[PDB]
$ cat input18.cif   # mmCIF, C-alpha atoms and all ligand atoms
data_start
loop_
_atom_site.label_atom_id
_atom_site.label_comp_id
_atom_site.auth_asym_id
_atom_site.auth_seq_id
_atom_site.Cartn_x
_atom_site.Cartn_y
_atom_site.Cartn_z
CA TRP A 5 -9.45 0.79 1.76
CA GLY A 6 -8.59 2.05 -1.69
CA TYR A 7 -9.17 4.97 -4.03
CA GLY A 8 -12.49 3.92 -5.49
CA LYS A 9 -15.99 5.33 -5.05
CA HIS A 10 -16.87 2.84 -2.32
CA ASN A 11 -13.56 2.59 -0.47
CA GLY A 12 -11.85 5.90 -1.27
CA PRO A 13 -10.45 8.71 0.97
CA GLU A 14 -13.96 9.89 1.92
CA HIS A 15 -14.66 6.53 3.57
CA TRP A 16 -11.34 6.12 5.44
CA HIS A 17 -12.53 7.75 8.66
CA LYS A 18 -14.84 4.80 9.37
CA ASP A 19 -11.91 2.42 9.82
CA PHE A 20 -9.34 5.08 10.79
CA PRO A 21 -10.93 7.85 12.94
CA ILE A 22 -7.66 9.82 12.89
CA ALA A 23 -8.53 10.72 9.27
CA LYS A 24 -10.39 13.68 10.79
CA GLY A 25 -7.49 14.60 13.07
CA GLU A 26 -5.68 17.88 13.70
CA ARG A 27 -2.49 17.34 11.64
CA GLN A 28 -3.54 15.41 8.55
CA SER A 29 -1.82 15.48 5.15
CA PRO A 30 -1.64 16.45 2.42
CA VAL A 31 -2.48 20.17 2.50
CA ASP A 32 -2.61 23.04 0.04
CA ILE A 33 0.50 25.19 0.23
CA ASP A 34 -0.49 28.85 0.08
CA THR A 35 2.80 30.48 -0.93
CA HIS A 36 1.63 33.90 0.27
CA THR A 37 0.79 32.89 3.85
CA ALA A 38 3.82 30.63 4.35
CA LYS A 39 6.28 32.12 6.84
CA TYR A 40 9.87 32.52 5.70
CA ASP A 41 11.85 31.21 8.66
CA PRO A 42 15.53 32.35 8.62
CA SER A 43 16.56 29.87 11.32
CA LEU A 44 15.74 26.89 9.07
CA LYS A 45 19.00 25.13 8.16
CA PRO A 46 19.69 23.83 4.66
CA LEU A 47 18.75 20.22 3.94
CA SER A 48 21.50 17.63 4.18
CA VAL A 49 20.81 14.64 1.92
CA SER A 50 23.46 11.88 2.10
CA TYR A 51 22.38 9.29 -0.50
CA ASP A 52 25.79 8.15 -1.79
CA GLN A 53 25.82 4.92 0.23
CA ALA A 54 22.25 3.96 -0.68
CA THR A 55 21.41 0.29 -1.16
CA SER A 56 18.14 -0.41 -2.98
CA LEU A 57 16.92 -3.98 -2.59
CA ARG A 58 13.50 -4.63 -4.07
CA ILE A 59 10.58 -3.06 -5.91
CA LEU A 60 7.05 -4.20 -5.13
CA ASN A 61 3.44 -3.57 -6.08
CA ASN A 62 1.45 -3.40 -2.83
CA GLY A 63 -1.95 -2.77 -4.38
CA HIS A 64 -1.98 1.02 -3.83
CA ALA A 65 1.36 1.98 -5.40
CA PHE A 66 4.80 0.49 -6.03
CA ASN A 67 7.60 0.87 -3.48
CA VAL A 68 11.37 0.74 -3.88
CA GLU A 69 12.81 -0.56 -0.60
CA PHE A 70 16.26 0.20 0.79
CA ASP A 71 18.52 -1.51 3.30
CA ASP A 72 17.98 0.62 6.42
CA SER A 73 20.08 -1.50 8.81
CA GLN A 74 22.79 1.21 8.93
CA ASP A 75 23.16 4.91 8.14
CA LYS A 76 23.57 4.40 4.38
CA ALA A 77 21.13 6.93 2.95
CA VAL A 78 20.24 9.57 5.52
CA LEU A 79 18.48 12.90 5.78
CA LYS A 80 19.24 15.61 8.32
CA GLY A 81 19.45 19.36 8.74
CA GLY A 82 16.54 21.52 7.66
CA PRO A 83 13.85 21.52 10.39
CA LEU A 84 15.01 18.09 11.55
CA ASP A 85 16.72 17.16 14.78
CA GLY A 86 18.77 14.00 14.46
CA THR A 87 19.26 11.54 11.64
CA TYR A 88 16.50 9.99 9.52
CA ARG A 89 17.16 6.80 7.49
CA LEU A 90 15.69 6.25 4.03
CA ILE A 91 13.58 3.11 4.10
CA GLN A 92 11.55 3.48 0.88
CA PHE A 93 10.18 5.76 -1.82
CA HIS A 94 6.93 5.65 -3.82
CA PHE A 95 4.76 7.86 -6.04
CA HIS A 96 1.16 9.07 -6.36
CA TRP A 97 -0.13 9.86 -9.85
CA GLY A 98 -3.26 10.62 -11.81
CA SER A 99 -5.11 9.33 -14.86
CA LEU A 100 -4.47 12.69 -16.57
CA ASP A 101 -1.42 14.99 -16.43
CA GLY A 102 -3.38 17.67 -14.57
CA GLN A 103 -3.80 15.68 -11.35
CA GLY A 104 -1.79 13.19 -9.34
CA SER A 105 0.07 15.15 -6.68
CA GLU A 106 -1.19 15.06 -3.10
CA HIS A 107 0.14 18.43 -1.93
CA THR A 108 -0.82 21.38 -4.10
CA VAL A 109 0.81 24.81 -4.50
CA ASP A 110 -1.67 27.69 -4.53
CA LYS A 111 -4.26 25.08 -5.51
CA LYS A 112 -2.00 23.90 -8.34
CA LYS A 113 -1.90 20.11 -8.89
CA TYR A 114 1.06 18.32 -10.48
CA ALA A 115 1.09 15.10 -12.55
CA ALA A 116 2.64 13.08 -9.73
CA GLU A 117 4.41 13.31 -6.39
CA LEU A 118 7.38 11.32 -5.14
CA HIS A 119 7.72 10.54 -1.43
CA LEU A 120 11.04 9.54 0.10
CA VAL A 121 10.22 8.06 3.50
CA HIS A 122 12.67 8.27 6.40
CA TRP A 123 12.46 7.32 10.07
CA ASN A 124 14.19 8.86 13.09
CA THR A 125 17.11 6.61 14.11
CA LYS A 126 16.83 7.41 17.81
CA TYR A 127 13.77 5.15 17.80
CA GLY A 128 15.54 1.95 16.75
CA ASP A 129 13.17 0.84 14.00
CA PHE A 130 10.40 2.19 11.78
CA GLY A 131 7.72 0.50 13.90
CA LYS A 132 8.73 2.43 16.99
CA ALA A 133 9.05 5.62 14.94
CA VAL A 134 5.35 5.58 13.96
CA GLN A 135 4.51 5.96 17.65
CA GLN A 136 6.26 9.35 17.95
CA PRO A 137 5.31 12.90 16.84
CA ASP A 138 8.79 13.26 15.31
CA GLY A 139 9.33 9.68 14.17
CA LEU A 140 9.15 10.27 10.42
CA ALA A 141 10.29 12.74 7.79
CA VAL A 142 8.97 12.53 4.25
CA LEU A 143 10.66 14.37 1.39
CA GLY A 144 8.07 15.26 -1.24
CA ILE A 145 9.00 16.08 -4.82
CA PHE A 146 6.57 17.24 -7.52
CA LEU A 147 6.73 15.78 -11.02
CA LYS A 148 5.61 17.73 -14.06
CA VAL A 149 5.29 16.45 -17.64
CA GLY A 150 7.97 17.64 -20.06
CA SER A 151 11.45 16.31 -20.75
CA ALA A 152 12.37 12.76 -19.71
CA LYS A 153 14.14 12.19 -16.41
CA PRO A 154 17.09 9.88 -17.25
CA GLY A 155 17.41 8.69 -13.65
CA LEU A 156 13.81 7.47 -13.59
CA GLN A 157 14.10 5.14 -16.59
CA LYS A 158 15.43 2.14 -14.63
CA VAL A 159 12.31 2.27 -12.44
CA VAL A 160 10.07 2.71 -15.48
CA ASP A 161 11.56 -0.31 -17.27
CA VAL A 162 11.03 -2.74 -14.36
CA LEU A 163 7.32 -1.90 -14.02
CA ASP A 164 6.33 -4.73 -16.39
CA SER A 165 7.46 -7.35 -13.89
CA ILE A 166 5.31 -6.06 -11.02
CA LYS A 167 2.09 -5.31 -12.88
CA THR A 168 -0.25 -6.77 -10.26
CA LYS A 169 -0.77 -6.58 -6.52
CA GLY A 170 1.72 -8.67 -4.60
CA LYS A 171 4.42 -8.96 -7.25
CA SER A 172 7.98 -7.94 -6.37
CA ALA A 173 11.33 -7.87 -8.15
CA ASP A 174 14.97 -7.52 -7.17
CA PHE A 175 15.96 -3.90 -7.75
CA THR A 176 19.55 -3.35 -6.65
CA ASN A 177 22.03 -0.56 -7.33
CA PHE A 178 19.43 2.16 -7.89
CA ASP A 179 20.68 5.65 -7.00
CA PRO A 180 17.90 7.96 -5.75
CA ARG A 181 20.14 11.01 -6.26
CA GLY A 182 19.01 10.89 -9.87
CA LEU A 183 15.49 11.90 -8.83
CA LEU A 184 16.48 15.11 -7.03
CA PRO A 185 15.89 18.57 -8.48
CA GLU A 186 18.65 21.18 -8.68
CA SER A 187 17.44 23.26 -5.73
CA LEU A 188 16.78 22.02 -2.22
CA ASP A 189 14.55 24.99 -1.26
CA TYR A 190 11.54 23.70 0.68
CA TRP A 191 8.33 24.21 2.64
CA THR A 192 7.78 22.27 5.86
CA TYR A 193 4.93 21.56 8.25
CA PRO A 194 3.89 18.85 10.76
CA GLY A 195 1.58 16.27 9.20
CA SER A 196 0.76 12.58 8.74
CA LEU A 197 0.94 9.55 6.46
CA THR A 198 -1.35 10.18 3.50
CA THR A 199 -2.56 6.54 3.44
CA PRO A 200 -4.09 4.50 6.27
CA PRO A 201 -3.26 4.20 9.13
CA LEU A 202 -2.83 7.99 8.60
CA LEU A 203 -0.65 8.36 11.72
CA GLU A 204 0.37 11.91 12.71
CA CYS A 205 4.10 11.30 13.08
CA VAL A 206 5.40 13.11 10.02
CA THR A 207 7.53 16.20 9.46
CA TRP A 208 6.82 17.02 5.82
CA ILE A 209 9.47 18.63 3.65
CA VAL A 210 8.10 19.60 0.26
CA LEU A 211 10.62 20.82 -2.33
CA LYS A 212 9.77 24.00 -4.23
CA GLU A 213 11.33 22.87 -7.51
CA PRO A 214 9.60 20.09 -9.49
CA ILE A 215 11.39 17.51 -11.63
CA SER A 216 10.37 16.86 -15.23
CA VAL A 217 9.49 13.42 -16.58
CA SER A 218 8.25 12.62 -20.09
CA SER A 219 4.73 11.74 -21.17
CA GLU A 220 6.01 8.22 -22.01
CA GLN A 221 7.51 7.78 -18.54
CA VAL A 222 4.26 8.81 -16.78
CA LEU A 223 2.20 6.59 -19.10
CA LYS A 224 3.96 3.46 -17.89
CA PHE A 225 2.92 4.32 -14.30
CA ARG A 226 -0.68 4.17 -15.50
CA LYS A 227 -0.24 0.62 -16.80
CA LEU A 228 0.04 -0.93 -13.33
CA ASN A 229 -2.90 -2.65 -11.63
CA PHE A 230 -4.62 -2.27 -8.26
CA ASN A 231 -5.86 -5.87 -8.51
CA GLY A 232 -3.97 -9.11 -8.08
CA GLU A 233 -3.18 -11.49 -10.95
CA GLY A 234 -6.20 -13.30 -12.34
CA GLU A 235 -8.65 -10.67 -11.10
CA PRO A 236 -10.43 -8.13 -13.36
CA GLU A 237 -8.06 -5.32 -14.29
CA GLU A 238 -8.35 -2.07 -12.30
CA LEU A 239 -5.74 0.38 -13.63
CA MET A 240 -3.69 1.86 -10.80
CA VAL A 241 -4.45 5.55 -11.42
CA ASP A 242 -5.37 8.44 -9.14
CA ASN A 243 -3.83 6.93 -6.01
CA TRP A 244 -3.79 10.30 -4.23
CA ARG A 245 -5.60 11.80 -1.24
CA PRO A 246 -7.29 15.24 -1.43
CA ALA A 247 -5.94 18.21 0.58
CA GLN A 248 -6.89 18.29 4.26
CA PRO A 249 -7.69 21.36 6.44
CA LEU A 250 -4.53 23.06 7.68
CA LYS A 251 -6.18 23.72 11.07
CA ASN A 252 -3.80 25.15 13.70
CA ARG A 253 -0.64 24.77 11.63
CA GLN A 254 1.80 27.15 9.98
CA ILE A 255 3.75 26.30 6.85
CA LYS A 256 7.31 27.57 6.99
CA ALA A 257 9.47 28.27 3.94
CA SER A 258 13.27 28.02 3.78
CA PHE A 259 13.13 30.93 1.32
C1 LIG A 301 3.90 2.94 6.59
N1 LIG A 301 4.96 3.31 6.12
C2 LIG A 301 5.66 2.64 5.21
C3 LIG A 301 4.89 4.78 5.74
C4 LIG A 301 5.57 5.78 6.46
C5 LIG A 301 5.51 7.13 6.11
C6 LIG A 301 4.73 7.51 5.00
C7 LIG A 301 4.02 6.56 4.23
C8 LIG A 301 3.24 6.98 3.09
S1 LIG A 301 3.18 8.64 2.69
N2 LIG A 301 2.31 8.83 1.49
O1 LIG A 301 2.61 9.40 3.85
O2 LIG A 301 4.57 9.12 2.39
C9 LIG A 301 2.53 6.04 2.32
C10 LIG A 301 2.60 4.69 2.68
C11 LIG A 301 3.36 4.29 3.78
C12 LIG A 301 4.10 5.18 4.60
HG HG A 302 2.85 9.50 15.85
ZN ZN A 303 3.01 8.85 -0.40
#
$ encode --input "input18.cif" --output "structure tokens"
Amino acid sequence: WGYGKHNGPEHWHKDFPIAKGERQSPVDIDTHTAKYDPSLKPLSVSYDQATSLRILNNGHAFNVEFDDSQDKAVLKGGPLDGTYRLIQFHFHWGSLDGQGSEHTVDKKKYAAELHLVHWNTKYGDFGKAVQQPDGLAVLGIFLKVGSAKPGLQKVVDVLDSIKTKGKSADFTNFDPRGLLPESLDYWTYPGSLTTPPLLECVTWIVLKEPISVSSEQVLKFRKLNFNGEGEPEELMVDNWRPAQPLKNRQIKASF
């Protein structure tokens, strides 16, 4: 599978039937129909003990992996029950600044979208978590083009070393707190992974406030490759899935 004409999102259902399921992501967030829920607790993000280990190009995007062997970087509160460990974060972006995000707000598309993946610790490991309706929690953050995000530069500079599919690089001491917006106000709904296997095990938490990154920073994202070394160059752009039908789901807002 991929994001091309012959293997893109519209073809995924053939190999992964769940693509046409009841709680698929992403979705369009209609701000006017979202239900303000006063019982939603504030988000608790404890990223001070985070330990980043490696950065890798997997052929669809690049991932920054964290040591999830202990409660070092955890997420809790909000609509969540229990503790969720940060295992990795990645992005989705477009070829142009007007597209790239997976979730949209009132049909509005952002330049990119950051996903911080966490798994429910009561399940022992990520692999067991993907077998539960509440096994994962993904924190989604929109990126818009404007001023440079200082905390993103270290990621942007290492991109040269993982240009092609399969390449990885040591990436220690990265602090994800530098990618967070000022406000933790959010929207939440039950969904799925946005890439195959598209499992419906995710509690999505999409932040209302976007972070700004510069044109130069976003440009470097667009210099990565979908292909492996030695193969014809396919620029890794537009690695996002279109919005899926909300179906029988309600989007709740913490505000
Ligand atoms: C398989 N593992 C690593 C995953 C868990 C949860 C979400 C994932 C997403 S996404 N786009 O849904 O956040 C993309 C790729 C892998 C994911
Ligand atoms: Hg599941
Ligand atoms: Zn993602």
$ residues_around --input "input18.cif" --residues "region 141-153 of chain A" --least-positions-apart "5" --cutoff "8 Å" --atoms "all atoms listed in the file" --output "ChimeraX atom specification"
/A:88,101,105,114-124,183-184,206-219,221-222
$ closest_residue --input "input18.cif" --among "A:38, A:197, A:77, A:31" --to "ligand ZN 303 (chain A)" --atoms "only C-alpha atoms and all ligand atoms"
A:197
$ residues_near_ligand --input "input18.cif" --ligand "ligand HG 302 (chain A)" --cutoff "9 Å" --atoms "only C-alpha atoms and all ligand atoms" --output "PDB file with C-alpha atoms, keeping the file's coordinate frame"
ATOM      1  CA  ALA A 133       9.050   5.620  14.940  1.00  0.00           C
ATOM      2  CA  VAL A 134       5.350   5.580  13.960  1.00  0.00           C
ATOM      3  CA  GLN A 135       4.510   5.960  17.650  1.00  0.00           C
ATOM      4  CA  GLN A 136       6.260   9.350  17.950  1.00  0.00           C
ATOM      5  CA  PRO A 137       5.310  12.900  16.840  1.00  0.00           C
ATOM      6  CA  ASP A 138       8.790  13.260  15.310  1.00  0.00           C
ATOM      7  CA  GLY A 139       9.330   9.680  14.170  1.00  0.00           C
ATOM      8  CA  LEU A 140       9.150  10.270  10.420  1.00  0.00           C
ATOM      9  CA  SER A 196       0.760  12.580   8.740  1.00  0.00           C
ATOM     10  CA  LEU A 203      -0.650   8.360  11.720  1.00  0.00           C
ATOM     11  CA  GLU A 204       0.370  11.910  12.710  1.00  0.00           C
ATOM     12  CA  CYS A 205       4.100  11.300  13.080  1.00  0.00           C
ATOM     13  CA  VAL A 206       5.400  13.110  10.020  1.00  0.00           C
TER      14      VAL A 206
END
$ closest_residue --input "input18.cif" --among "A:129, A:242, A:189, A:69" --to "residue 230 (chain A)" --atoms "all atoms listed in the file"
A:242
$ closest_residue --input "input18.cif" --among "A:125, A:198, A:231, A:103" --to "ligand ZN 303 (chain A)" --atoms "only C-alpha atoms and all ligand atoms"
A:198
$ closest_residue --input "input18.cif" --among "A:86, A:182, A:234, A:30" --to "ligand ZN 303 (chain A)" --atoms "only C-alpha atoms and all ligand atoms"
A:30
$ axis_aligned_box --input "input18.cif" --around "region 95-101 of chain A" --padding-each-side "3 Å" --output "JSON"
{"center_x": -0.2, "center_y": 11.4, "center_z": -11.3, "size_x": 15.9, "size_y": 13.1, "size_z": 16.5}
$ atom_distance --input "input18.cif" --atom1 "CA of residue 72 (chain A)" --atom2 "CA of residue 89 (chain A)"
6.3 Å
$ build_atoms --input "input18.cif" --residues "region 123-148 of chain A" --atoms "N, CA, C and O atoms" --output "PDB file, in the frame of the given file"
ATOM      1  N   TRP A 123      12.854   7.449   8.674  1.00  0.00           N
ATOM      2  CA  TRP A 123      12.460   7.320  10.070  1.00  0.00           C
ATOM      3  C   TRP A 123      13.619   7.747  10.975  1.00  0.00           C
ATOM      4  O   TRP A 123      14.802   7.552  10.653  1.00  0.00           O
ATOM      5  N   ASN A 124      13.253   8.361  12.093  1.00  0.00           N
ATOM      6  CA  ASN A 124      14.190   8.860  13.090  1.00  0.00           C
ATOM      7  C   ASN A 124      14.945   7.711  13.762  1.00  0.00           C
ATOM      8  O   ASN A 124      14.348   6.935  14.508  1.00  0.00           O
ATOM      9  N   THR A 125      16.261   7.661  13.558  1.00  0.00           N
ATOM     10  CA  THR A 125      17.110   6.610  14.110  1.00  0.00           C
ATOM     11  C   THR A 125      17.148   6.467  15.622  1.00  0.00           C
ATOM     12  O   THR A 125      17.492   5.394  16.130  1.00  0.00           O
ATOM     13  N   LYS A 126      16.809   7.524  16.357  1.00  0.00           N
ATOM     14  CA  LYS A 126      16.830   7.410  17.810  1.00  0.00           C
ATOM     15  C   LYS A 126      15.760   6.458  18.318  1.00  0.00           C
ATOM     16  O   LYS A 126      15.773   6.078  19.481  1.00  0.00           O
ATOM     17  N   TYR A 127      14.848   6.059  17.436  1.00  0.00           N
ATOM     18  CA  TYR A 127      13.770   5.150  17.800  1.00  0.00           C
ATOM     19  C   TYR A 127      14.005   3.674  17.478  1.00  0.00           C
ATOM     20  O   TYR A 127      13.100   2.855  17.619  1.00  0.00           O
ATOM     21  N   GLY A 128      15.211   3.340  17.029  1.00  0.00           N
ATOM     22  CA  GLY A 128      15.540   1.950  16.750  1.00  0.00           C
ATOM     23  C   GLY A 128      15.031   1.331  15.467  1.00  0.00           C
ATOM     24  O   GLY A 128      15.809   0.728  14.727  1.00  0.00           O
ATOM     25  N   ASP A 129      13.729   1.405  15.224  1.00  0.00           N
ATOM     26  CA  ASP A 129      13.170   0.840  14.000  1.00  0.00           C
ATOM     27  C   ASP A 129      11.939   1.632  13.595  1.00  0.00           C
ATOM     28  O   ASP A 129      11.337   2.330  14.416  1.00  0.00           O
ATOM     29  N   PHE A 130      11.561   1.503  12.330  1.00  0.00           N
ATOM     30  CA  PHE A 130      10.400   2.190  11.780  1.00  0.00           C
ATOM     31  C   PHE A 130       9.116   2.017  12.608  1.00  0.00           C
ATOM     32  O   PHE A 130       8.343   2.962  12.798  1.00  0.00           O
ATOM     33  N   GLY A 131       8.905   0.804  13.110  1.00  0.00           N
ATOM     34  CA  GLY A 131       7.720   0.500  13.900  1.00  0.00           C
ATOM     35  C   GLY A 131       7.603   1.304  15.175  1.00  0.00           C
ATOM     36  O   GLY A 131       6.494   1.578  15.637  1.00  0.00           O
ATOM     37  N   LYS A 132       8.740   1.646  15.772  1.00  0.00           N
ATOM     38  CA  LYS A 132       8.730   2.430  16.990  1.00  0.00           C
ATOM     39  C   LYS A 132       8.566   3.895  16.604  1.00  0.00           C
ATOM     40  O   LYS A 132       7.927   4.673  17.318  1.00  0.00           O
ATOM     41  N   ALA A 133       9.124   4.253  15.450  1.00  0.00           N
ATOM     42  CA  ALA A 133       9.050   5.620  14.940  1.00  0.00           C
ATOM     43  C   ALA A 133       7.613   6.102  14.716  1.00  0.00           C
ATOM     44  O   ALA A 133       7.280   7.246  15.047  1.00  0.00           O
ATOM     45  N   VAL A 134       6.750   5.224  14.207  1.00  0.00           N
ATOM     46  CA  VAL A 134       5.350   5.580  13.960  1.00  0.00           C
ATOM     47  C   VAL A 134       4.523   5.780  15.232  1.00  0.00           C
ATOM     48  O   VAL A 134       3.304   5.946  15.174  1.00  0.00           O
ATOM     49  N   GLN A 135       5.184   5.751  16.380  1.00  0.00           N
ATOM     50  CA  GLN A 135       4.510   5.960  17.650  1.00  0.00           C
ATOM     51  C   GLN A 135       4.971   7.297  18.255  1.00  0.00           C
ATOM     52  O   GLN A 135       4.609   7.641  19.386  1.00  0.00           O
ATOM     53  N   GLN A 136       5.733   8.069  17.479  1.00  0.00           N
ATOM     54  CA  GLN A 136       6.260   9.350  17.950  1.00  0.00           C
ATOM     55  C   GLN A 136       5.870  10.508  17.038  1.00  0.00           C
ATOM     56  O   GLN A 136       5.797  10.351  15.816  1.00  0.00           O
ATOM     57  N   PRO A 137       5.682  11.713  17.617  1.00  0.00           N
ATOM     58  CA  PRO A 137       5.310  12.900  16.840  1.00  0.00           C
ATOM     59  C   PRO A 137       6.418  13.369  15.898  1.00  0.00           C
ATOM     60  O   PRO A 137       6.164  14.107  14.957  1.00  0.00           O
ATOM     61  N   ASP A 138       7.638  12.900  16.135  1.00  0.00           N
ATOM     62  CA  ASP A 138       8.790  13.260  15.310  1.00  0.00           C
ATOM     63  C   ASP A 138       9.497  11.997  14.802  1.00  0.00           C
ATOM     64  O   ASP A 138      10.710  11.990  14.589  1.00  0.00           O
ATOM     65  N   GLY A 139       8.734  10.927  14.621  1.00  0.00           N
ATOM     66  CA  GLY A 139       9.330   9.680  14.170  1.00  0.00           C
ATOM     67  C   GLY A 139       9.637   9.582  12.694  1.00  0.00           C
ATOM     68  O   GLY A 139      10.521   8.810  12.308  1.00  0.00           O
ATOM     69  N   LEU A 140       8.936  10.346  11.863  1.00  0.00           N
ATOM     70  CA  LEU A 140       9.150  10.270  10.420  1.00  0.00           C
ATOM     71  C   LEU A 140       9.349  11.611   9.741  1.00  0.00           C
ATOM     72  O   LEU A 140       8.838  12.643  10.186  1.00  0.00           O
ATOM     73  N   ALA A 141      10.044  11.566   8.615  1.00  0.00           N
ATOM     74  CA  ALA A 141      10.290  12.740   7.790  1.00  0.00           C
ATOM     75  C   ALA A 141      10.090  12.267   6.357  1.00  0.00           C
ATOM     76  O   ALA A 141      10.685  11.267   5.940  1.00  0.00           O
ATOM     77  N   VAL A 142       9.196  12.917   5.627  1.00  0.00           N
ATOM     78  CA  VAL A 142       8.970  12.530   4.250  1.00  0.00           C
ATOM     79  C   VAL A 142       9.363  13.697   3.344  1.00  0.00           C
ATOM     80  O   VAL A 142       8.974  14.846   3.574  1.00  0.00           O
ATOM     81  N   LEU A 143      10.197  13.392   2.360  1.00  0.00           N
ATOM     82  CA  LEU A 143      10.660  14.370   1.390  1.00  0.00           C
ATOM     83  C   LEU A 143       9.733  14.238   0.193  1.00  0.00           C
ATOM     84  O   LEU A 143       9.676  13.181  -0.421  1.00  0.00           O
ATOM     85  N   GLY A 144       8.985  15.291  -0.115  1.00  0.00           N
ATOM     86  CA  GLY A 144       8.070  15.260  -1.240  1.00  0.00           C
ATOM     87  C   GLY A 144       8.584  16.047  -2.423  1.00  0.00           C
ATOM     88  O   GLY A 144       9.011  17.193  -2.277  1.00  0.00           O
ATOM     89  N   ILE A 145       8.522  15.446  -3.606  1.00  0.00           N
ATOM     90  CA  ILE A 145       9.000  16.080  -4.820  1.00  0.00           C
ATOM     91  C   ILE A 145       7.916  16.015  -5.897  1.00  0.00           C
ATOM     92  O   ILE A 145       7.360  14.950  -6.164  1.00  0.00           O
ATOM     93  N   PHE A 146       7.586  17.162  -6.477  1.00  0.00           N
ATOM     94  CA  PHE A 146       6.570  17.240  -7.520  1.00  0.00           C
ATOM     95  C   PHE A 146       7.150  16.835  -8.871  1.00  0.00           C
ATOM     96  O   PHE A 146       8.315  17.102  -9.166  1.00  0.00           O
ATOM     97  N   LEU A 147       6.326  16.185  -9.682  1.00  0.00           N
ATOM     98  CA  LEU A 147       6.730  15.780 -11.020  1.00  0.00           C
ATOM     99  C   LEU A 147       5.799  16.457 -12.003  1.00  0.00           C
ATOM    100  O   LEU A 147       4.579  16.466 -11.820  1.00  0.00           O
ATOM    101  N   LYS A 148       6.381  17.078 -13.018  1.00  0.00           N
ATOM    102  CA  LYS A 148       5.610  17.730 -14.060  1.00  0.00           C
ATOM    103  C   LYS A 148       5.988  17.049 -15.373  1.00  0.00           C
ATOM    104  O   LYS A 148       7.080  16.500 -15.504  1.00  0.00           O
TER     105      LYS A 148
END
